[PDB]
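A short write-up of the structure that comes next.
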Amino acid sequence: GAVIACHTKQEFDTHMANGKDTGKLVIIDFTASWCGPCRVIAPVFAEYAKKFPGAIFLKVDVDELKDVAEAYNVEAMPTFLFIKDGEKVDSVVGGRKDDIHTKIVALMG
């Protein structure tokens with residue numbers, strides 16, 4: 001149960017495809033190194049990955065994958081997107097710890 005940093009669009013796509021194929025919830029943390037709030041939520045997101053080995057936890061640095069961030073209309077940092085069966089199903093804008101846990105548990109079933 002580990003957070004996977006996706007450093008290329010190709011890396012992002014292969015893990016996204018794995019989640020779609022296996023029916024697992026995928027949670028993307030859209031983050032930046034300049035971002036204070038992102039730094040704060042980072043260890044919490046890492047801990048969720050350990051607690052939920054049944055879901056896939058991806059990290060996307062918005063300045064590294066500018067095209068992926070744009071595709072997801074990322075307009076505040078951090079933004080967490082929840083993907084299920086290929087589609088966005090939910091989001092959390094900001095380091096809202098409890099909200100993130102709640103949605104993981106609810107969406108995983």
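Each chain in the structure tokens gets a letter, A, B, ..., in the order shown, and its residues are numbered from 1; ligands are numbered from 1 in order too.
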Out of range 3-106 of chain A, which residues get strand (DSSP E) from DSSP, as a PyMOL selection string?
chain A and resi 4-5+26-31+56-61+79-84+87-93
Print the selection's residues with C-alpha atoms to a file, as a PDB file, in the first residue's frame.
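Dumped to again09.pdb:
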```
ATOM      1  CA  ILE A   4       2.646   6.046  -6.720  1.00  0.00           C
ATOM      2  CA  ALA A   5       4.244   9.270  -8.043  1.00  0.00           C
ATOM      3  CA  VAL A  26      -8.235   5.300  -7.898  1.00  0.00           C
ATOM      4  CA  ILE A  27      -7.489   8.450  -5.879  1.00  0.00           C
ATOM      5  CA  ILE A  28      -5.260  11.112  -7.467  1.00  0.00           C
ATOM      6  CA  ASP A  29      -3.511  13.742  -5.388  1.00  0.00           C
ATOM      7  CA  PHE A  30      -2.868  16.772  -7.647  1.00  0.00           C
ATOM      8  CA  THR A  31      -0.106  18.501  -5.760  1.00  0.00           C
ATOM      9  CA  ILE A  56      -4.836   2.848  -5.938  1.00  0.00           C
ATOM     10  CA  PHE A  57      -3.249   6.110  -4.715  1.00  0.00           C
ATOM     11  CA  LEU A  58      -1.554   8.273  -7.368  1.00  0.00           C
ATOM     12  CA  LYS A  59       0.376  11.526  -6.940  1.00  0.00           C
ATOM     13  CA  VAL A  60       0.595  13.998  -9.824  1.00  0.00           C
ATOM     14  CA  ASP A  61       2.775  17.066  -9.551  1.00  0.00           C
ATOM     15  CA  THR A  79      -7.110  18.715  -5.407  1.00  0.00           C
ATOM     16  CA  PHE A  80      -8.006  15.042  -4.921  1.00  0.00           C
ATOM     17  CA  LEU A  81      -9.886  13.327  -7.660  1.00  0.00           C
ATOM     18  CA  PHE A  82     -11.719  10.003  -7.273  1.00  0.00           C
ATOM     19  CA  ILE A  83     -11.876   7.772 -10.346  1.00  0.00           C
ATOM     20  CA  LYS A  84     -13.998   4.655 -10.783  1.00  0.00           C
ATOM     21  CA  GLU A  87     -14.686   8.220 -14.887  1.00  0.00           C
ATOM     22  CA  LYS A  88     -14.427  10.957 -12.321  1.00  0.00           C
ATOM     23  CA  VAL A  89     -16.897  10.137  -9.532  1.00  0.00           C
ATOM     24  CA  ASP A  90     -15.880  12.635  -6.819  1.00  0.00           C
ATOM     25  CA  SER A  91     -13.398  15.272  -5.728  1.00  0.00           C
ATOM     26  CA  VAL A  92     -12.026  17.052  -2.641  1.00  0.00           C
ATOM     27  CA  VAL A  93     -10.563  20.488  -3.063  1.00  0.00           C
TER      28      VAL A  93
END
```
Which residues are near residue 41 in chain A? Cut-off 8 Å, only C-alpha atoms, ignore same chain within fewer than 3 positions. Put them as a list in words.
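The residues that qualify are residues 37, 38, 44, 45, 95 and 97 of chain A.
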Nearby residues (only C-alpha atoms) at most 12 Å from residue 8 in chain A, same-chain spacing under 5 positions excluded, as a list in words
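Those residues are residues 13, 14, 15, 59, 60, 61, 62, 63, 64, 65, 66, 67 and 68 of chain A.
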With C-alpha atoms retained, write the just-selected residues as a PDB file, in the first residue's frame.
```pdb
ATOM      1  CA  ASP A  13      -2.077   6.192 -17.972  1.00  0.00           C
ATOM      2  CA  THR A  14      -0.724   2.707 -17.106  1.00  0.00           C
ATOM      3  CA  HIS A  15      -1.817   2.978 -13.443  1.00  0.00           C
ATOM      4  CA  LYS A  59       0.376  11.526  -6.940  1.00  0.00           C
ATOM      5  CA  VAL A  60       0.595  13.998  -9.824  1.00  0.00           C
ATOM      6  CA  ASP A  61       2.775  17.066  -9.551  1.00  0.00           C
ATOM      7  CA  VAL A  62       0.846  19.712 -11.502  1.00  0.00           C
ATOM      8  CA  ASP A  63       4.028  21.413 -12.792  1.00  0.00           C
ATOM      9  CA  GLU A  64       5.366  18.097 -14.084  1.00  0.00           C
ATOM     10  CA  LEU A  65       2.182  16.905 -15.817  1.00  0.00           C
ATOM     11  CA  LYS A  66       0.702  20.246 -16.913  1.00  0.00           C
ATOM     12  CA  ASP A  67      -1.475  18.522 -19.532  1.00  0.00           C
ATOM     13  CA  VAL A  68      -2.968  16.028 -17.026  1.00  0.00           C
TER      14      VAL A  68
END
```
Spatial neighbours of residue 1 in chain A, max dist 12 Å, only C-alpha atoms, sep filter under 4 positions, as a PyMOL selection string
chain A and resi 45-58
Pull N, CA, C and O atoms from the residues just selected and write them as a tab-separated table (two decimals), in the first residue's frame.
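Just written: result.tsv:
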```tsv
chain	number	residue	atom	x	y	z
A	45	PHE	N	-2.09	11.41	3.20
A	45	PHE	CA	-2.44	10.68	1.94
A	45	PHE	C	-1.60	9.40	1.87
A	45	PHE	O	-2.11	8.33	1.53
A	46	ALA	N	-0.33	9.51	2.25
A	46	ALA	CA	0.57	8.34	2.29
A	46	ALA	C	0.01	7.29	3.29
A	46	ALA	O	0.10	6.06	3.06
A	47	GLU	N	-0.53	7.77	4.41
A	47	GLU	CA	-1.08	6.86	5.43
A	47	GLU	C	-2.37	6.20	4.93
A	47	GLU	O	-2.59	5.02	5.20
A	48	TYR	N	-3.20	6.95	4.18
A	48	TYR	CA	-4.41	6.36	3.60
A	48	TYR	C	-4.05	5.22	2.64
A	48	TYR	O	-4.77	4.21	2.59
A	49	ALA	N	-2.95	5.37	1.91
A	49	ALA	CA	-2.53	4.35	0.94
A	49	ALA	C	-2.23	3.04	1.67
A	49	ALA	O	-2.55	1.97	1.16
A	50	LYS	N	-1.64	3.14	2.86
A	50	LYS	CA	-1.34	1.98	3.70
A	50	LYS	C	-2.64	1.37	4.27
A	50	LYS	O	-2.75	0.13	4.39
A	51	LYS	N	-3.59	2.23	4.64
A	51	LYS	CA	-4.82	1.77	5.26
A	51	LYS	C	-5.79	1.13	4.26
A	51	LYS	O	-6.68	0.40	4.66
A	52	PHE	N	-5.65	1.47	2.97
A	52	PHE	CA	-6.54	1.05	1.89
A	52	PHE	C	-5.74	0.41	0.74
A	52	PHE	O	-5.71	0.96	-0.38
A	53	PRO	N	-5.08	-0.72	1.02
A	53	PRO	CA	-4.30	-1.44	0.00
A	53	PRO	C	-5.17	-1.89	-1.18
A	53	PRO	O	-4.65	-2.19	-2.26
A	54	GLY	N	-6.49	-1.94	-0.96
A	54	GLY	CA	-7.45	-2.28	-2.01
A	54	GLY	C	-7.79	-1.18	-3.03
A	54	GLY	O	-8.50	-1.44	-4.01
A	55	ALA	N	-7.30	0.04	-2.80
A	55	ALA	CA	-7.46	1.16	-3.74
A	55	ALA	C	-6.09	1.63	-4.21
A	55	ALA	O	-5.08	1.30	-3.60
A	56	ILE	N	-6.07	2.39	-5.31
A	56	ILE	CA	-4.84	2.85	-5.94
A	56	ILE	C	-4.67	4.34	-5.66
A	56	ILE	O	-5.56	5.12	-5.95
A	57	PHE	N	-3.53	4.71	-5.09
A	57	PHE	CA	-3.25	6.11	-4.72
A	57	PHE	C	-2.13	6.69	-5.58
A	57	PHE	O	-0.96	6.23	-5.49
A	58	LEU	N	-2.49	7.65	-6.43
A	58	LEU	CA	-1.55	8.27	-7.37
A	58	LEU	C	-1.24	9.71	-6.95
A	58	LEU	O	-2.13	10.44	-6.51
```
Backbone DSSP call of helix (DSSP H, G or I) for chain A, listed as a PyMOL selection string
chain A and resi 9-22+36-51+66-71+97-108
Can you write just those residues out, N, CA and C atoms, as a CSV table (one decimal), in the first residue's frame?
```
chain,number,residue,atom,x,y,z
A,9,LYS,N,3.0,11.2,-18.4
A,9,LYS,CA,1.7,10.9,-18.8
A,9,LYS,C,1.5,9.4,-19.0
A,10,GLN,N,2.6,8.7,-19.5
A,10,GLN,CA,2.6,7.3,-19.7
A,10,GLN,C,2.4,6.5,-18.4
A,11,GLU,N,3.1,7.0,-17.4
A,11,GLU,CA,3.1,6.4,-16.0
A,11,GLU,C,1.7,6.5,-15.5
A,12,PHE,N,1.2,7.8,-15.5
A,12,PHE,CA,-0.2,8.0,-15.1
A,12,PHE,C,-1.2,7.1,-15.8
A,13,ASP,N,-1.1,7.0,-17.2
A,13,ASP,CA,-2.1,6.2,-18.0
A,13,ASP,C,-2.0,4.7,-17.6
A,14,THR,N,-0.8,4.1,-17.4
A,14,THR,CA,-0.7,2.7,-17.1
A,14,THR,C,-1.4,2.4,-15.8
A,15,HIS,N,-1.2,3.2,-14.7
A,15,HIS,CA,-1.8,3.0,-13.4
A,15,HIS,C,-3.3,3.2,-13.5
A,16,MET,N,-3.7,4.3,-14.2
A,16,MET,CA,-5.1,4.5,-14.5
A,16,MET,C,-5.8,3.3,-15.2
A,17,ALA,N,-5.2,2.7,-16.2
A,17,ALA,CA,-5.7,1.6,-16.9
A,17,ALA,C,-5.8,0.3,-16.0
A,18,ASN,N,-4.8,0.1,-15.1
A,18,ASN,CA,-4.8,-0.9,-14.1
A,18,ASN,C,-6.0,-0.8,-13.2
A,19,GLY,N,-6.3,0.4,-12.7
A,19,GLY,CA,-7.4,0.6,-11.8
A,19,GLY,C,-8.7,0.3,-12.5
A,20,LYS,N,-8.9,0.8,-13.8
A,20,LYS,CA,-10.1,0.6,-14.6
A,20,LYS,C,-10.3,-0.9,-14.8
A,21,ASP,N,-9.2,-1.6,-15.2
A,21,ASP,CA,-9.3,-3.0,-15.5
A,21,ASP,C,-9.6,-3.9,-14.3
A,22,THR,N,-9.1,-3.6,-13.1
A,22,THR,CA,-9.3,-4.4,-11.9
A,22,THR,C,-10.5,-4.0,-11.0
A,36,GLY,N,2.3,24.8,0.3
A,36,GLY,CA,2.2,24.6,1.8
A,36,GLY,C,1.1,23.5,2.2
A,37,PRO,N,-0.1,23.8,1.9
A,37,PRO,CA,-1.2,22.9,2.2
A,37,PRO,C,-1.0,21.5,1.6
A,38,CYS,N,-0.4,21.4,0.5
A,38,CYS,CA,0.0,20.1,-0.1
A,38,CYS,C,1.0,19.3,0.8
A,39,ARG,N,2.0,20.0,1.3
A,39,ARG,CA,3.0,19.5,2.1
A,39,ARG,C,2.3,18.9,3.4
A,40,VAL,N,1.4,19.6,3.9
A,40,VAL,CA,0.7,19.2,5.2
A,40,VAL,C,-0.1,17.9,4.9
A,41,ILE,N,-0.9,17.8,3.9
A,41,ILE,CA,-1.7,16.6,3.6
A,41,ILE,C,-0.9,15.4,3.1
A,42,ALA,N,0.3,15.7,2.6
A,42,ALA,CA,1.1,14.6,2.0
A,42,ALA,C,1.3,13.3,2.8
A,43,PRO,N,1.8,13.4,4.1
A,43,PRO,CA,1.9,12.3,5.0
A,43,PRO,C,0.6,11.6,5.3
A,44,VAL,N,-0.5,12.3,5.5
A,44,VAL,CA,-1.9,11.8,5.6
A,44,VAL,C,-2.3,10.9,4.4
A,45,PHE,N,-2.1,11.4,3.2
A,45,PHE,CA,-2.4,10.7,1.9
A,45,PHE,C,-1.6,9.4,1.9
A,46,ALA,N,-0.3,9.5,2.3
A,46,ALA,CA,0.6,8.3,2.3
A,46,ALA,C,0.0,7.3,3.3
A,47,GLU,N,-0.5,7.8,4.4
A,47,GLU,CA,-1.1,6.9,5.4
A,47,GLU,C,-2.4,6.2,4.9
A,48,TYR,N,-3.2,6.9,4.2
A,48,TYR,CA,-4.4,6.4,3.6
A,48,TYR,C,-4.1,5.2,2.6
A,49,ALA,N,-2.9,5.4,1.9
A,49,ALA,CA,-2.5,4.3,0.9
A,49,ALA,C,-2.2,3.0,1.7
A,50,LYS,N,-1.6,3.1,2.9
A,50,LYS,CA,-1.3,2.0,3.7
A,50,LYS,C,-2.6,1.4,4.3
A,51,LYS,N,-3.6,2.2,4.6
A,51,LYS,CA,-4.8,1.8,5.3
A,51,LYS,C,-5.8,1.1,4.3
A,66,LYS,N,1.6,19.1,-16.8
A,66,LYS,CA,0.7,20.2,-16.9
A,66,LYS,C,-0.5,19.9,-17.7
A,67,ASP,N,-0.4,19.0,-18.7
A,67,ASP,CA,-1.5,18.5,-19.5
A,67,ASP,C,-2.5,17.7,-18.8
A,68,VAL,N,-2.1,16.8,-17.9
A,68,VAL,CA,-3.0,16.0,-17.0
A,68,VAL,C,-3.8,16.9,-16.0
A,69,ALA,N,-3.1,17.8,-15.3
A,69,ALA,CA,-3.7,18.8,-14.5
A,69,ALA,C,-4.8,19.7,-15.2
A,70,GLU,N,-4.5,20.1,-16.5
A,70,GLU,CA,-5.4,20.9,-17.3
A,70,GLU,C,-6.7,20.0,-17.6
A,71,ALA,N,-6.4,18.8,-18.0
A,71,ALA,CA,-7.5,17.8,-18.4
A,71,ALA,C,-8.5,17.6,-17.3
A,97,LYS,N,-8.8,16.4,5.4
A,97,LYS,CA,-8.5,15.1,5.9
A,97,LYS,C,-9.7,14.2,6.0
A,98,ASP,N,-10.6,14.6,6.8
A,98,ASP,CA,-11.8,13.7,7.2
A,98,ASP,C,-12.6,13.4,5.9
A,99,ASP,N,-12.9,14.5,5.1
A,99,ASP,CA,-13.6,14.4,3.8
A,99,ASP,C,-13.0,13.3,2.9
A,100,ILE,N,-11.7,13.3,2.8
A,100,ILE,CA,-10.9,12.3,2.0
A,100,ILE,C,-11.2,10.9,2.5
A,101,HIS,N,-11.0,10.7,3.8
A,101,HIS,CA,-11.3,9.4,4.4
A,101,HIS,C,-12.7,8.9,4.2
A,102,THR,N,-13.7,9.8,4.5
A,102,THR,CA,-15.1,9.5,4.3
A,102,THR,C,-15.4,9.0,2.9
A,103,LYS,N,-14.9,9.7,1.9
A,103,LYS,CA,-15.2,9.4,0.4
A,103,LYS,C,-14.5,8.1,0.0
A,104,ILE,N,-13.3,7.8,0.5
A,104,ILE,CA,-12.7,6.6,0.2
A,104,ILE,C,-13.5,5.4,0.7
A,105,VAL,N,-14.0,5.5,1.9
A,105,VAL,CA,-14.7,4.4,2.5
A,105,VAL,C,-16.1,4.2,1.8
A,106,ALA,N,-16.7,5.3,1.5
A,106,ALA,CA,-18.0,5.3,0.8
A,106,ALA,C,-18.0,4.7,-0.6
A,107,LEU,N,-17.0,5.2,-1.4
A,107,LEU,CA,-16.8,4.8,-2.8
A,107,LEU,C,-16.3,3.4,-3.0
A,108,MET,N,-15.5,2.9,-2.0
A,108,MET,CA,-15.0,1.6,-2.1
A,108,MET,C,-16.0,0.5,-2.0
```
Distance of CA of residue 25 in chain A from CA of residue 85 in chain A, expressed in Å to one decimal place:
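The value is 7.9 Å.
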Any idea what the distance is between CA of residue 109 in chain A and CA of residue 6 in chain A?
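Separation of CA of residue 109 in chain A and CA of residue 6 in chain A: 26.0 Å.
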